[PDB]
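What follows is calculated from the coordinates using simple rules that are stated; it is not laboratory data.
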Amino acid sequence: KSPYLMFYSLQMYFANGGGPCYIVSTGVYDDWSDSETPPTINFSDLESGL
Amino acid sequence: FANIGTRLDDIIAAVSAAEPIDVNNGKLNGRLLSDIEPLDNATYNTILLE
């Protein structure tokens, strides 16, 4: 599966009664190398967003 | 200039003697890791995890 879950989580947030919120991007999507190697998530990007 | 093509076809014959004496070495033997990323992207990403 794809390791990115942000768009799915915002669908769950607005469906349960959420209002205004803040978005902090950490980068854009990387491409799949082939059909059985999804991209990876880096620790240094998420701590830079904090 | 104009000594390039004289020294090049000498190399083409010199490495031509090496093809019946190699029995075990594959495509990426002796290559830099940065130079295999356009060649085989899925192998390059697997080496980075290890």
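Listed values, structure above:
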read-out	value
Cα centroid of chain A to Cα centroid of chain B, whole Å	39
Length-normalised contact order of chain A in % [C-alpha pairs under 8 Å, at least 6 apart]	45
The protein assembly as shown - Kirkwood radius from inverse mean 1/r over Cα pairs (Å)	19.2
Expected 222 nm ellipticity per residue - DSSP helices of 4 or more, -39500 (n - 2.57), all of chain A, to 500	-9500 deg cm²/dmol
In degrees, nearest ten, helix A:6-15 long axis to first principal axis of chain A (Cα)	20
Principal semi-axes in Å for chain B [√(5λ), Cα gyration tensor, largest first]	31, 17, 7
Dmax and Rg, reported as Rg then Dmax, of chain A (C-alpha, Å)	13.6, 39
